[PDB]
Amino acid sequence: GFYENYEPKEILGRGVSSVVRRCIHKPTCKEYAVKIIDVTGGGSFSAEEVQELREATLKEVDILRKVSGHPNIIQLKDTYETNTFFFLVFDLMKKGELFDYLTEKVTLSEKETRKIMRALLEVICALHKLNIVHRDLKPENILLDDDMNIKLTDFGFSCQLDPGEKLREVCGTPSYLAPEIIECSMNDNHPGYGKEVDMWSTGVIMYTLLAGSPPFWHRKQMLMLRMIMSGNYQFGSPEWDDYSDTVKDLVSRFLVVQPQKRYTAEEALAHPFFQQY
């Protein structure tokens, strides 16, 4: 099936239920990246649990097929399935993620940040026109090619919403979580959440590029969550001194607690930071 067509190489990355490796296509001798997903739960899960994970994986593949073709989104080339594993073959990105890049440069400039955010907002605008929420936006899920162009990946928690539908689950990566998803977990009489969670996360990304660290970074998780819930953050000490007031205005429109008042992708691309007159 997959091992008769491809040859497995080294580990490029790892997830909760997946391992990402470099692989050679036997026929053409070209290199690709393969996500190996274990639906059986490492050693063993229940049949119910297995079906939940098999249905989550098929929705991932579905969104990947719908968004195919966009120049700044990763391309899924070929999928394979067995009773325990799923194999998703993707284009290989040699310069890795935006997280690795940030680690080497510590902080990025206002000009380099405008480049990346203009591309990222364009992708978000496209997805939201189709009613799709990514739901896991972060530096580790944004890859770079040889020309340093961004390529969005990991659509594992993604959803295409129906007219009227709202999501109720608590999922994501802790320091990028919007406050409405955390609100959802403390009150079972909450209305739900929608596409707006992606804009908060976008804001966390943008602040982290410019300052070197995340806006709501704290040692104790309980206080981190209280800080994100109240929107307690700041552009402090010497760090943000070199930066204009326009970038800071844009970041603060993303970091708004009430989702109905938060900026959208369309509105963010119209801001003076990307130009206005």
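A residue's number is simply how far along the shown sequence it sits, counting from 1.
- Two stretches are in play, 125 to 133 and 158 to 166, and the higher mean C-alpha B-factor belongs to 158 to 166.
- Comparing 182 to 190 with 145 to 153, the higher mean C-alpha B-factor in the PDB entry belongs to 182 to 190.
- In the deposited coordinates, the residue among 78, 198, 104, 91 with the greatest CA B-factor is 104.
- When the C-alpha B-factors of 57, 244, 28, 68 are read from the PDB record, the largest value belongs to 244.
- Among the modelled residues of the chain, residue 99 sits in the highest third by CA temperature factor in this PDB entry.
- Among the modelled residues of the chain, residue 255 sits in the lowest third by CA temperature factor in this PDB entry.
- In the deposited entry, the Cα temperature factor of residue 38 places it in the middle third of its chain's modelled residues.
- Compared with the other modelled residues of the chain, the Cα B-factor recorded for residue 213 ranks in the middle third.
- Residue 62: CA B factor lies in the lowest third for its chain, per the PDB record.
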